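**Q** Here is the sequence, then the experimental structure:
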Amino acid sequence: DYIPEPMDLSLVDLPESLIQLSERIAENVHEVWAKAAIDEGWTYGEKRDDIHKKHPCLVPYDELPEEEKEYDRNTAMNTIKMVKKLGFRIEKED
Amino acid sequence: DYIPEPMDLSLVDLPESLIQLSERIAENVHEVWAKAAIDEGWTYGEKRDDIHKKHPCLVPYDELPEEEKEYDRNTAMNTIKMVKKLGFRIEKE
């Protein structure tokens, strides 16, 4: 009975200078995810195994398959778009 | 040989009005993850099963274990804090 219905953020516009940095951000979220997992005893394995706490994405963000990177970048942009949609202003400083 | 070293965003300060909305954001990010997974053939299962594409967190955001909700909120906050550290102003309009 559960149908996910994310908000339409398609017409939400971000500063290009911010989108240019999507990898920095995505890489940073990846680092946070990885430090945590590793802190809970996870380690790299080619196959994912919950029993031996083994994960194939526990590698430097750069080693990640490009679709994982793509996913992380989009997730980050969605997060920020959502902030904008909630009545907040984002602008580069000076 | 890989040691994650995330940026220290401890001293990054966000508007309280935004942090107040952290669940809303976290819920939306969850919906997006969920629509995708389901689009790729995943469904709910008590136990995660990659072979049968079964996932426990394919439930309405509200029904999630509190630790997952908590993880999602912090992730979102980290994300937004990262924007701030990169030289951007975030302010309620």
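**A** Looks like it came in fine. Numbers count the residues shown, from 1 in each chain, chains lettered A, B, ... in the order given.

**Q** When you work out contacts or count neighbours from here on, use the C-alpha atoms and nothing else.
**A** Will do.

**Q** Identify the residues contacting the residue nearest the centre of chain A.
**A** Centroid check for chain A by CA atoms, centre = their mean gives residue A:72 as the closest residue, at 3.1 Å. Taking CA atoms under 8 Å, 6 or more residues apart in numbering or on different chains, we find residue A:72 in contact with A:26, A:27, A:29, A:30.

**Q** Near chain B, list only the ones from those residues.
**A** residue A:29 (CA under 8 Å from any CA of the partner chain).

**Q** before we move on, the earlier item: right, and the helix or strand after the helix or strand hosting the residue nearest to the centre of chain A?
**A** Taking DSSP states H and E as the definition, residue A:72 sits inside helix A:66-85. Using DSSP H and E, the helix or strand that follows helix A:66-85 in sequence is strand A:88-92.

**Q** For that following strand, give me every contacting residue.
**A** Here strand A:88-92 has contacts from A:14, A:15, A:17, A:18, A:84, B:87, B:88, B:89, B:90, B:91, B:92, B:93, using CA under 8 Å, 6+ apart.

**Q** between that strand and helix A:66-85, how big is the angle?
**A** Angle, strand A:88-92 to helix A:66-85, by axes from the mean of the first three to the mean of the last three CA atoms, to 10 degrees: 120 degrees.

**Q** So what's the gap between strand A:88-92 and the chain middle?
**A** 20 Å (CA atoms, centre = their mean, to the nearest Å).

**Q** pull the CA atoms of it into PDB?
**A** Included here for strand A:88-92 are C-alpha records, laid out as PDB according to Å, rounded to 0.1, in the frame of the first residue of the first chain:
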ATOM      1  CA  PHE A  88      15.200  29.600   2.200                       C
ATOM      2  CA  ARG A  89      17.700  31.600   0.200                       C
ATOM      3  CA  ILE A  90      21.000  30.200  -1.000                       C
ATOM      4  CA  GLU A  91      23.700  32.600  -2.400                       C
ATOM      5  CA  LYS A  92      27.400  32.700  -2.700                       C
END
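
**Q** strands paired with it, and their directions?
**A** According to DSSP bridges, strand A:88-92 forms sheet pairs with strand B:88-92 (antiparallel).

**Q** burial measure for residue A:20, as a count.
**A** By the criterion of other CA atoms under 10 Å in any protein chain shown, residue A:20 has 9 neighbours.
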